[PDB]
Amino acid sequence: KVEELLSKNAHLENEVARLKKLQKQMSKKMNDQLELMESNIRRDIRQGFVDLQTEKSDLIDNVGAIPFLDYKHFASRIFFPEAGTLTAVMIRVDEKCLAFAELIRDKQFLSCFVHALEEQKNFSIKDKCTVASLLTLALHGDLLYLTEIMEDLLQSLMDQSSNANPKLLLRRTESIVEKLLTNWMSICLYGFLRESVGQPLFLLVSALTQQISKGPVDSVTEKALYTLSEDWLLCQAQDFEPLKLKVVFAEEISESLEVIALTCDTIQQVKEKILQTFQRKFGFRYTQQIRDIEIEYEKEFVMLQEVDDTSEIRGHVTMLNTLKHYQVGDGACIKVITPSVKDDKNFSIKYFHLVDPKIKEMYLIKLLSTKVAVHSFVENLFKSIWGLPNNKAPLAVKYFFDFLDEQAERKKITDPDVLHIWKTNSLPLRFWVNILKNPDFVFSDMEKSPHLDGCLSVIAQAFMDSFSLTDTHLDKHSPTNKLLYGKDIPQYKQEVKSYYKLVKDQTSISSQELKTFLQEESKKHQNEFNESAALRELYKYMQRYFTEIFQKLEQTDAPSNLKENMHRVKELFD
Amino acid sequence: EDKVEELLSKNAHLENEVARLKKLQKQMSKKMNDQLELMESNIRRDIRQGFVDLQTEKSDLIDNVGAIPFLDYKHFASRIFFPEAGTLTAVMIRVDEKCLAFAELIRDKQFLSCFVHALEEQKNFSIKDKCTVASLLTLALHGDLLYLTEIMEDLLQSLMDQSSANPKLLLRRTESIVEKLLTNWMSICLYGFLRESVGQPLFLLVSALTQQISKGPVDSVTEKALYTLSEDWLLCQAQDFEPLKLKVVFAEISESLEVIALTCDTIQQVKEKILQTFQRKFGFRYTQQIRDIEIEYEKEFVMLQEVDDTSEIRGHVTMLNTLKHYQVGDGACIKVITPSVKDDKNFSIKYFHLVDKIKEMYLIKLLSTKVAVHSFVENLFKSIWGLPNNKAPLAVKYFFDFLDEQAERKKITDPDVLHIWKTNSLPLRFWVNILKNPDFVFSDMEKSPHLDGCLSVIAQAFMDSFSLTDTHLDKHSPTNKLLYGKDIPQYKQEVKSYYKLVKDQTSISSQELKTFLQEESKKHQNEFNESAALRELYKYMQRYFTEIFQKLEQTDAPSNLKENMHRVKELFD
C-alpha cells in the first residue's frame, strides 16, 4: 500500500506545482484584461467628446415637394385612433338618413341629445369620443353649424359645474365637447399644418432618421448609439468602421451612387441606408416598396442575404449577418436591381446582433451629440408651430383664442394664468403634441419605428414643457429626457407667452371671413365622407337612450314638430 | 519498512498546501470580481455626475466689484518695455549738461535715423539689444510722442520699401528696432482705451476663471484641478468630496458670512476661498496681505494649521491636512481675526495632496468650464475689437489708415496682405500679451501657473480669430483647439468686419491727432527720469560711434550736426 502512497504523493506534489503556476497565469491574465478594458474606456470616452466637438452639419437633405397623406386618412387617425371597423366604409337608405340629418341640424335637438347622453352613469368616455367623432363626420359638410353647436356646448361646460377651479378645465378629453373640440382643431388647422408646420416636421423626421443612421443599431433591442432618449442608449460597446460603398443601379445601364454604411450593419439595414440616401439626395423613392430591390455584392457577383449557411450560433440564439461577415471593404461595388426575416412571429427570441449574456453612461455624450445635431430642425418646427405667417395667426386659432378671451371675461376672471391654462389645454396639448408624437398620420409612406417614437417622445415632452407655467429648477435628480432640453425651455416659455399675447392683440375675426372660411373648408371635403354610415351608427345611440333624450327635451320647452320629428326618425329606422 | 509513516506525514503537509492554495486562489478570484464591480460603479457615478453638471450649471459667477483696481501706468509700461530684467526699471520708475546734450541730439530726425539704421546694420547687434535700445528710446522720448510717432513712421516706411520678398511676412515678430518701437507705441497710445473698455471685462474674466476653478478640487501639489480649460491641467485620479457651507465670522464684536468650501481643501485653500468670496461679494478685500488673517475652528475654540502632529505619512511623503481631517461638518462656524509651508524651497518633493487613472472621464469638465466662462470671454474679445460710439480708438484708426496708405503706395491689390499686416501689428503685438498677462494691468494680481495655462487656451483662440485660413476640425486636433473650434468661425467674420469698419470710419484730423498725442505726453511727462535712460543709451552710442558717423556722412549731414555728435561724446567723457 506504499505504492498507492507514492502515486498519491507524486500526484500531490505535481498538483501543488500546477496550482502554483495557474495562480500566476490567472494573475497576469487579469491584469492584462484590466489594461485592455481601461484602454477601451479611454478611447471611447475621448472619441465621444471629439465627436461632440467636431460634428459636421450634413443633415442638409433636400426634398422639395412633401408627401402629405390624403385628408381622409389624416382625419381617420385623428377621429378614431383605435378601431377601424367603420373608417374603411366611411372613406370609400336615403330617407331615414335624410330624416336623421334634418333632425340633427336643429340646435335644440342636438343640444338636448348631447346633454342627455352625458347625464348617464351608464355612459363611458369611449362612447363619448365615438359619438363626437360620428357627429363631426355627420357635420363635416357643415362646419359653421358644427362650430356654433360646439360653442353653445362649451359655454354650458364652463358655466355649469366646473367652477371648482377655472384652471382644471379642458385638462383632458373626457366629455363629448372635448373630443369635439380636438377634432375641430384638426379640421380647421389642417391647412396651416400643410403650409407652415408640415415641411419642418418632415425635415425633423428626415434628419432624425438620418442622424441615428450614422451609428450602430442593434437590430434586436432596436437600440442605437445616436438617440435623444437615454432608455434607447446602447449598453455594451461596439467595434466598427464606416464604409464608403459605391452602389450602382442597373449591356446594362449605368447609375453610380456613393452610399455610407458600417461594418456592423445587417443587410436590411444597408437597404434602408441606400433607399434613405436615395430619397434624401434626389427627393423621390427609387422603389416605394422596400421589398422589391435586389441587393448584390460583387466578389469577383454573389447575392447576399440576411442569414446563410455560415452563421455563428451561441447557446440558443443565432447571430445575424453583418458586413464584416461578407468581408466587405471600403469602396465596394453594390448592385441594386429589380426582380423577410423580421416578418417572423418569433424574431426577438431567436436572433442575435449586439447584446448577449456594460458601461452605458459613457455614451451620454451621444444624446447631447444627437440633440445638438438635430436641434436646428426642432426650433424650426417649434417656431413654425407658434408662428405668425405675415403677422397673422391661422384663423382657427385666432378665433378660438378670442372665444376663450370672451368666456374668461364672462366669468369675471382677473388672472392671466387661467387664460394661459385654457389656451394650452385646448391647442398644443390636444393637437400639436399628438402630431409630433405621430407624424405617420400626416405623411404618406411614413413607416415609424418604436425608437423614433421614443425620441419624438422626448422632443414632444420638451414641447409640452415649453408651455409650462411653473418654474422647474433642474438639479441632480431629474429625468435625462428633461436634462437634454433643460437650458432651452425658459426661452420657449417666453416665446409661448408672446405667441398668446400677440394673438390677443391681433385684430378680431370678421364674421363674414369666419363664415367664408368655414364654408370653404366644408366644401373641400363635403363628398369625402358619407354621412350615411355616420348617422346610421349615431342613431344606435339615439335609440339606446331615446326615453332619456326625450325627457330632457321636454325639460326645456320643445315644440311639437320637433318631438314629432324625433319619433318620426325612430319610426323610420324601425 | 516504516516508509508508510513518512509518506503519510509528507502527504499531510502536501495536502494542506493544496487546501490553502485553493482557498487563497478562490479568495483572490473573488477579490478581483469585486474590485471590478466597485471601479465600475465609481466610474458611472462620476461620468454621469459630470454630464449632469454640464446640464445644471447655475449662473453664480455674477460677482460685483465696481471700480477696477488698475496698476499705476508706471509699472504697466515697466513690464511691457522690459519683461525680463528690472535692474534698470526700478531707477526710471521712482549730469544736466550731458543729459540735455543727448536729449537735444535725439530730437533731430536725421541723427536718430542714421543712428537706428547704422545700429540695425550690424551683425554684432543682437535682438535683445535692439529691443533694449528701442525701449530706452521710448522712455527717453515719452514726453514727446509726436516726434516719436514721426521717427517711428519714417522707420517703418524704410523697413517696408527696403525689402521691396513678400509683403505678407512683414511685422511677423519683434526683431528690428522699429518693431519693438511699434509695440511700445501701441501700449502708450492704447492704455487709455484699455482702462476705458477692456479693463473691466478682462478683470471680470479673471474673477470668473478664478471662481469656477475654486468650485472643484485643486491638487495643492501638481497644481492640477478639476475645472480647467486645458486638458493638461485636468486631474487624473478621482477625488471623493462633498461641499460645505461654513458660517465664517469676523471678530467681542462680530460679522457673519456664508462661505462655500470643500471636504478636501488644504487650509490655505480655504483661506483663499474666504478672501475671494469676500472680495467678490463686497468689492473690497478684508485684508490686502493674505498672511494676516487667523483661521480658527469651533468644536466645543480651536485653531487649525497646514500640518499638525497627526499627519498621515506614506512611503517618504506627507499628506496635507484637509477639512475632513479636522472633521469639519456642514455649517461649521469659523473665526477670523488679525494677529506658510508653501514657502519651503523643497515643497513639491516632500508633500502629498491628491496624487500618489481615467482622465478622459473629465473632458466634460473642460466644456463645463468653457461654457461657464464663455459669457465673459465673448465680452473681453468683443470689447477688444469693438467700436465705442462707432469710433475706434484714435490710435487704432490712425495706424490702420497708415497701413492702408502704405499698402496703396506699393500698388498691392490683395486684401489678404493688408489683413496680415493689420493683425501682425495690433492684436498679436499687444492684445495677446495682455490676455496672457493680466497681472501687468491689475493691482494685487496673484496669477497662478494654471490660470496662465487657461489664459493661454483663451489667447490661442483669440489669436485663431485673426487667422486667414479655413480650419476644418477633425479627430486629430489639440483639445484646446477642439473646445473653441465651433466658436472661431463667427469671430473670423467679426474680425474682417472690424477691419472694414475701422477703415470706413472718417479719417483723423491732424489737429485731433496732435492734440491727442501731446495730451498723452503731458499726462506721463514726469513719471520717468530721462536721465538714467539717456545714460544707458549713450553706452550704445559710443559702442558703435564710428559706424553711426559713417552712415551720417553717407547722407549729407551738416557740419553743426557732426560737431554736436562729437560734442556729446566729449561731455560724457
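As a convention, Cβ positions derive from the backbone with ideal geometry for all residues, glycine included, and neighbour counts pool all protein chains shown. Throughout, read-outs are computed from the coordinates displayed, never taken from laboratory work.
When the helix-only estimate is applied to chain B (DSSP H runs of n ≥ 4, each -39,500 (n - 2.57), divided by the residue count), what is the mean residue ellipticity at 222 nm, nearest 500 deg cm²/dmol? Please report the intermediate quantities before stating the final value.
On the way: 21 runs with 316 residues, N = 573.
The helix contribution divided over chain B gives -18000 deg cm²/dmol.
Computed from point charges on the beta carbon alone (+1 for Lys and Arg, -1 for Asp and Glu), the dipole magnitude for the protein assembly as shown about its Cα centre is near 360 Debye.
Across the options B:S510, B:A532, B:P478, the greatest Cα extent toward the positive end of the charge dipole of region B:478-544 (unit charges at beta carbon of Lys, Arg, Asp, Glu) belongs to B:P478. Partner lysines whose Cα lies under 30 Å from the Cα of A:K20, excluding those fewer than 8 positions away in the same chain, are identified as A:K1, A:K8, A:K28, A:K29, B:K3, B:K10, B:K22, B:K23, B:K26, B:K30, B:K31.
Straight Cα distances below 19 angstrom link B:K410 to the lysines B:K168, B:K422, B:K503, with same-chain residues fewer than 8 positions distant left out. Among the listed pairs A:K342/A:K448; B:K345/B:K481; A:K493/B:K245; A:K366/B:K382, a Cα-Cα separation exceeding 25 Å is found for B:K345/B:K481; A:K493/B:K245; A:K366/B:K382.
Using Cβ point charges alone (K and R +1, D and E -1), the dipole size of region A:3-43 about the Cα centre works out to roughly 340 debye. Remark: region B:447-463, residue by residue, has Karplus-estimated 3J(HN,Hα) of 10, 5, x, 5, 4, 5, x, 4, 3, 5, 4, 4, 5, 5, 5, 3, 3 Hz, where x stands for each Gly or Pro and the curve is 6.51 cos²θ - 1.76 cosθ + 1.60 at θ = phi - 60°.
Charges at C-beta only: +1 for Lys and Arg, -1 for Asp and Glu. How large is the resulting dipole of region B:505-573 about its Cα centre, in Debye rounded to 20? Can you show the working numbers first?
On the way: 10 positive and 12 negative charges, 21 e Å.
About 100 debye.
Using a cut-off of 22 Å between Cα atoms, the listed pairs A:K246/A:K281; A:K72/A:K504; B:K109/B:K523 include A:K72/A:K504; B:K109/B:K523 as exceeding that distance. Distance between the pseudo-spin-label points of B:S448 and A:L6 (7 Å out from Cα toward the beta carbon): 7.6 nm. Averaged over the residues of peptide B:358-368, the number of Cβ atoms from other protein chains lying within 10 Å of each residue's Cβ is 4. Which shape class applies to region B:385-525: rounded if a/c is under 1.5, otherwise prolate when a/b exceeds b/c and oblate if not, where a ≥ b ≥ c are the square roots of the Cα gyration tensor eigenvalues? Since a/c reaches 1.5 but b/c is at least a/b, the shape of region B:385-525 is classed as oblate. Here's the list of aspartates and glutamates a cross-link from A:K482 could span, going by alpha-carbon distance under 17 Å and ignoring same-chain residues fewer than 8 apart: A:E230, A:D231, A:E361, A:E379, A:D453, A:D465, A:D471, B:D53, B:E57.
For the peptides B:203-210, A:400-407, residues were scored by their other Cβ atoms within 10 Å and the scores averaged per peptide; the highest-first order is B:203-210, A:400-407.
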